[PDB]
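Presented as structure tokens, the chain that follows is alone, the form deposited in one PDB entry.
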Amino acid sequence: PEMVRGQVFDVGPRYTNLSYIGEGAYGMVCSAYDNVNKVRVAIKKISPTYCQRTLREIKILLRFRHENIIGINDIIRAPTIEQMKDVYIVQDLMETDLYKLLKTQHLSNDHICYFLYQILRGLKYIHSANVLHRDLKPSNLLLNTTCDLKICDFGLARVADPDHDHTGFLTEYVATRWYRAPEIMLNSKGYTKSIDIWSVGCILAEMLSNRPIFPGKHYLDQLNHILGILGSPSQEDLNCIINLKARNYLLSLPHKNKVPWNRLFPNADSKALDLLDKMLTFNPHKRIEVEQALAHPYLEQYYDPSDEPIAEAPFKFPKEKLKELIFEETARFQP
């Protein structure tokens, strides 16, 4: 087997001349030459006790088929459960991701507009399958050399469940802190489509300035960053928060003024800021939905609902059992 950075990466003979891309959420990612399709590809190594998030992602990505969602091209594993240890997931090679790109490149308004269009196009398909991504952020948006964009990392995704979204104040949450909607900290488990729209709003703001808009250092500081720009919520929006611990927290804070979007983003297109405002709405019930965002004047050059496909149907879902399910889900790639 070939080795990369003093670690086995056993994907041959189909895949050869490996080069390190980076570390991913569950292990090493390398590029490799695919000797069958005659293109370089990306390969993620997953080592185990496995993680339910590996299975959830595989099930979702194998069911999904969309231009703005990363596909799984191949899955490499031993032929039997007894011999199975590492699993390698092969995907299309992508030059970069939005996190890397924003560290060093100023985006043109045309690039911001096109990127946002593609994020929302992909998200429309995800939401049409009654699935929530729940961890949208720059590093989960892959880009190729022509700036085509694909959403990745579905390990925190869930089927939408608005009737069970409510929870108490300060409920622990798993998804990346800077892209968490305010309601996560107040009364939400992140089981409604509005949580993803907030993350997209955050991404849009970050594309406008190359800096995260709400870089909280810890759980409650995330909320205080948000309120520091949106200002204090209105009486009407507070009345929507029936949880008393959450409501009384917000009532305990000093009045905070709204920061005008055009003062934070003096370079931004005015239509981009009208759409940003609608995505970063405090009240999730008032927040714009994915199809309305696509129909917003900012995206008029691209909007074409006939070319914004949806899923055919809604998506639906012990350590030994988990390993057996991963083995079964990956069976189609075996010779």
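We call the rigid core whatever largest set of C-alpha positions still superposes within 1.5 Å between the two forms. Numbering starts at 1 and follows the sequence shown.
One more form of this protein exists, namely the form deposited with a partner chain bound; it is left out here, but the text below deals with it.
The partner is not drawn, yet in the deposited bound form one stretch among 92-100, 152-160, 69-77, 194-202 has residues with heavy atoms inside 4.5 Å of the partner chain: 92-100. Screening 301, 270, 52, 292 for any heavy atom within 4.5 Å of the partner chain in the deposited bound form leaves a single hit, 301. The single contact residue among 128, 232, 139, 118, judged by any heavy atom lying within 4.5 Å of the partner chain in the deposited bound form, is 118. Using a 4.5 angstroms limit between non-hydrogen atoms, residue 87 is distant from the partner chain in the deposited bound form. Residue contact check for residue 147: one or more of its heavy atoms lie within 4.5 Å of the partner chain in the deposited bound form. At the 4.5 Å threshold, heavy atoms of residue 110 reach the partner chain in the deposited bound form.
Proximity of residue 308 to the partner chain in the deposited bound form falls within the 4.5 Å heavy atom cutoff. Just a single entry of 152, 107, 175, 75 exceeds or equals a 2 Å CA shift between this form and the one not shown, which is 175 (rigid core superposed). Relative to the superposed core, residue 191 shifts its CA atom by 2 Å or more between this form and the one not shown. Superposition of the core reveals a Cα shift of less than 2 Å for residue 262 between this form and the one not shown.
Remark: with the core as the superposition reference, the CA shift of residue 90 between this form and the one not shown stays below 2 Å. The pair residue 173 and residue 293 is at least 3 angstroms farther apart at the CA level in the deposited bound form than in the present model. Between the C-alpha atoms of residue 190 and residue 213, a gap widened by no less than 3 Å is obtained in the deposited bound form, as opposed to the form on display.
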